[PDB]
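Residue-level structure breakdown
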Amino acid sequence: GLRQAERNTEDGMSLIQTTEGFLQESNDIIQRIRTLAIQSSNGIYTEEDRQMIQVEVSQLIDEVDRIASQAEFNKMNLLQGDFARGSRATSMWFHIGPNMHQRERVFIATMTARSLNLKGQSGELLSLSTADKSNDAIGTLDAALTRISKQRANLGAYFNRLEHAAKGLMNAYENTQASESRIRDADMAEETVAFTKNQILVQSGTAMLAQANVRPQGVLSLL
Amino acid sequence: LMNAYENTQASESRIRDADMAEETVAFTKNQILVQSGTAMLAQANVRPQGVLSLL
């Protein structure tokens, strides 16, 4: 059970590593959109010039949505929110111990562009086509960055905890196997001398039995 | 996609690929056990020879 639990710990560690790797690109894209929003707020651009970068903003938001809806690990989606805190869809547990009920719950929040406020509930994307709208967008991008960084911190805490658990499980397995070998494995060094003593007594006994078998032959002398 | 491929390959290597050190210590222990077993058997089949002295 200890060995299997260590393997399960490794599996969970790989899962959360994949999740963090997926979140890296979304963080970079959101930062790029933030830089675009900062640039767009200047007063030298015209409506058409603002629309040119609005096109790129739309493309980047589409990429974020693609990341959210396509990132997965072992035929299970991660960023869709099925592993969220209040999600009824499913709950993910990492069996970390060798016995029953030794599982630990993990939470992955929704990371869709709707949950990052880059798209409203009506489906409208975050628009940067106006100077004042760009200023109000910077707060939204800051909130999205905060959410992404918080999720990254959660996953890093899970990383450290699972690493500690793996080291502890390895040490526990080593100690348990050592004790089990101490109480189960025979010592050949003394078993061999015991065997040799018993395998000397056997032919001593055979010799004595052979000597005793011919003993009554002496009675034939006086018959 | 590059990052996802790296992580996925690492996960698959964890699941599928083996560790050579632990496997080689297991191999050594099993080889020692086999040698001990055959060495003991080579004298364990000679035990009945002792009864012949009674004939």
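Residues numbered from 1 in each chain as written, not as in the entry; some residues may be left out. Chains lettered and ligands numbered in written order. Part of a larger assembly, values for the part shown. Heavy atoms only, no water.

Listed as the method for this PDB entry is cryo-EM; the listed resolution is 3.2 Å.

Re the overall build of chain A
Rules: Comment: elements are numbered from the N terminus, with helices defined as DSSP H or I runs of at least four residues and strands as E runs of at least two. Radius of gyration: over C-alpha atoms. The globule rule applied is 2.2 Å multiplied by the number of residues raised to the 0.38 power. Contacts: residue pairs with any heavy atoms within 4.5 Å of one another. What sets the accessible areas is the Shrake-Rupley method with a 1.4 Å probe; for residues, cover comes only from the shown protein chains. Two residue types count as positive, namely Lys and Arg, and two as negative, namely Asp and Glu; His and chain ends fall outside the count. We put the charge of a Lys on NZ, of an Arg on CZ, of an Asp on CG and of a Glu on CD.
Along the backbone of chain A there are 4 helices and 2 strands. Shown N-terminal to C-terminal, the secondary structure of chain A runs as helices and strands in the order α-α-β-β-α-α. Taking 223 residues into account, the globule formula puts the C-alpha radius of gyration at 17 Å, and chain A, at 37 Å, lies well above it. Seen through its principal axes, chain A has C-alpha atoms that stretch 145 × 30 × 20 Å. The contacts of chain A with a sequence gap of at least 6 include a subset with a gap of at least 24, amounting to 73%. Carbon and sulfur atoms make up 52% of the accessible area of chain A, which totals about 13,700 Å². Averaging the positions of the 23 positive and the 27 negative side-chain charges in chain A gives two centres separated by 8 Å.

Description of the environment of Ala212(A)
In this fold, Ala212(A) is placed in helix α4 (residues 188-213). Counting along the chain gives 175 residues from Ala212(A) to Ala37(A), while the straight-line C-alpha distance between them is 111 Å.

Section: the pairing of strand β1 (residues 92-95) of chain A
All names here are of chain A. Which entries qualify depends on this criterion: When accessible area is computed with a 1.4 Å probe and restricted to protein chains, residues below 20% of their type maximum are described as buried, those above 50% as exposed, and intermediate ones as partly exposed. What makes two strands pair is DSSP finding at least two bridges between them.
Residues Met92 and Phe94 line the buried face of β1, whereas the alternating positions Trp93 and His95 sit on a face that is not buried. With 4 bridges joining them, β1 and strand β2 (residues 103-106) adopt antiparallel strand pairing. Within the sheet, the bridge partner assigned to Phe94 lies in β2 and is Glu104.

A short note on the packing of aromatic side chains
Short version of the rule: The rule is short: rings of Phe, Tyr and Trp, with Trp giving its six-membered ring, pair when the centres are within 6.5 Å, and they are stacked under 30 degrees, edge-to-face over 60, tilted in between. Criterion for a charge above a ring: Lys NZ or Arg CZ within 6 Å of the ring centre, and within 35 degrees of the ring normal.
Considering all chains together, one arrives at 0 aromatic pairs over all chains under this definition. For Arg85(A), the ring lying beneath its charged end belongs to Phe107(A), and the centroid distance is 4.2 Å.

What about the packing of helix α1 (residues 2-40) of chain A against helix α2 (residues 47-70) of chain A?
Helix-helix packing: each pair is described by the crossing angle between the helix axes and the interaxial distance. Residue and element names in this part refer to chain A. Spelled out, the test is: To obtain an axis, a line is fitted to C-alpha atoms, over the contacting stretch when the element is a helix, and the angle between two such axes runs from 0 to 180 degrees between their N-to-C directions. Any angle that falls under 35 degrees is termed roughly parallel, while one over 145 is termed roughly antiparallel, one within 65 to 115 roughly perpendicular, and all others oblique. Crossing handedness is defined as follows: a turn of the near helix away from the far one that is anticlockwise and smaller than a right angle gives a left-handed crossing, while the clockwise case is right-handed.
Put simply, α1 and α2 touch, their axes get as near as 10 Å, and they point 165 degrees apart. Relative to α2, the element α1 is oriented roughly antiparallel. In terms of crossing hand, the pair formed by α1 and α2 is left-handed. Of α2, the residues touching α1 (which contributes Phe22, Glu25, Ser26, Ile29, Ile30, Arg32, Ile33, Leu36 and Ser40) are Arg50, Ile53, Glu56, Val57, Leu60, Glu63, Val64 and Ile67.

Examining the environment of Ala207(A)
Residue and element names in this part refer to chain A. Here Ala207 shows up in helix α4. On the basis of relative accessible area, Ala207 is assigned to the partly exposed category, the value being 43%. Taking the C-alpha atoms as reference points, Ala207 and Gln70, 137 residues apart in sequence, are found 84 Å from one another.

Regarding the layout of surface pockets
The method is simple in principle: a probe with the dimensions of a water molecule rolls over the atoms, and the space it marks as empty is what remains. Our working rule: For each structure, a 1 Å grid was placed over the protein atoms alone; sets of points admitting a 1.4 Å probe that cannot get out are labelled cavities, open sets with protein on both sides within 12 Å along at least five of seven lines are labelled pockets, and lining residues have an atom within 4 Å of a point. Grid points are joined across faces, edges and corners, and a volume is the space filled by probe spheres set on the points. Polarity classes work like this: nonpolar for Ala, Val, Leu, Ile, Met, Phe, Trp, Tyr, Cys and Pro, charged for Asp, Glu, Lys and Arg, and polar for all others, with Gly in that last group.
Taken as a whole, the largest pocket encloses approximately 690 Å³ of empty space. Lining the largest pocket are 20 residues; nearest its centre among them are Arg3(A), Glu6(A), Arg7(A), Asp19(B) and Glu22(B). Elements supplying a minimum of two residues to the lining of the largest pocket: α1 and α3 (131-184) of chain A together with α1 (2-16) and α2 (20-44) of chain B. With 7 residues, the single largest contributor to the lining of the largest pocket is α1(A). Considered class by class, the residues forming the lining of the largest pocket number 6 nonpolar, 3 polar and 11 charged. Considering the residues around the second largest pocket, the lining is formed by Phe195(A), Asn198(A), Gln199(A), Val202(A), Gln203(A), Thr206(A), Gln43(B), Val46(B), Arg47(B), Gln49(B), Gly50(B) and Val51(B). Here the element with the most residues in the lining of the second largest pocket is α4(A); it accounts for 6 residues.

Quick notes on the pattern of salt bridges
All names here are of chain A. Spelled out, the test is: The term salt bridge refers to a pairing of a side-chain nitrogen on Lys or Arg with a carboxyl oxygen on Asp or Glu at a separation within 4 Å.
Summed over the entire model, instances satisfying the criterion amount to 7 salt bridges over all chains. Across the pair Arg32 and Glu56 runs a salt bridge, and its minimum N-O distance is 3.7 Å. Highlighted residues: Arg32 in helix α1 and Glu56 in helix α2, separated in sequence by 24 residues. According to the relative accessible area criterion, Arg32 is partly exposed, its value standing at 41%. Residue classification places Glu56 among the partly exposed residues on the basis of a relative accessible area of 31%. Ionic pairing is found between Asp65 and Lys119, a salt bridge with its closest N-O pair at 2.7 Å. In this pair, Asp65 sits in helix α2 while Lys119 sits in the loop between β2 and α3, placing the two residues 54 residues apart along the sequence.

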